[PDB]
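Next up: just one chain, as structure tokens, the form deposited in one PDB entry.
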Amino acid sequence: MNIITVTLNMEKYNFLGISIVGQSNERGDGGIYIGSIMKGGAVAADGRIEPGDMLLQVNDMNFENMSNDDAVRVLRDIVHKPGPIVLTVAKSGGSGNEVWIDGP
């Protein structure tokens, strides 16, 4: 799987706008994944993250060793702190990278 790190524009978009599923803290767990992406949020507007992508890190925090409950708490704690939000994901879900339509 391709691994990508994306910097979200929280200042502009105001909310992250993702759900998560899964867990990663027990041996044998499959990981934490993006469930759905809400229109208008920072993740949606970036365009590269998709449902089914595997969530690996938020900032410096490792989401390959977290329960679902812990993941939700960490994410909610981070989204209300000033400072960057940067997500690292594995592309198990598909990226809609920026493509120019045309030009002069």
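In this text, rigid core is short for the largest set of C-alphas that superpose within 1.5 Å between two forms. Just count from 1 along the sequence shown to find any residue number.
- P82, present in the displayed chain, goes without coordinates in a third or more of the other PDB entries compared that cover both sides of it.
- Among other deposited entries of this protein with both flanking residues present, none omit coordinates for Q23; it is modelled throughout, well short of a third.
- Where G94 is followed by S95 in the displayed chain, the model omits 1 to 3 of the deposited residues that sit between the two.
- The deposited model assigns a higher average Cα B-factor to 75-83 than to the other stretch when 27-35 and 75-83 are compared.
- Relative to one another, 57-65 and 43-51 have unequal mean CA B-factors, and 57-65 is the one with the higher figure.
- Taking the PDB entry at face value, the top CA B factor among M1, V99, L8, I4 belongs to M1.
What comes next is about the form deposited in another entry, which does not appear here.
- For the residue set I49, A42, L55, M66, core-aligned C-alpha shifts between this form and the one not shown reach 2 angstroms or more at a single site, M66.
- Cα of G28 to Cα of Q57: at least 3 Å shorter in the other form than in the shown structure.
- Relative to the shown form, the CA atoms of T7 and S24 are pushed 3 Å or more farther apart in the other form.
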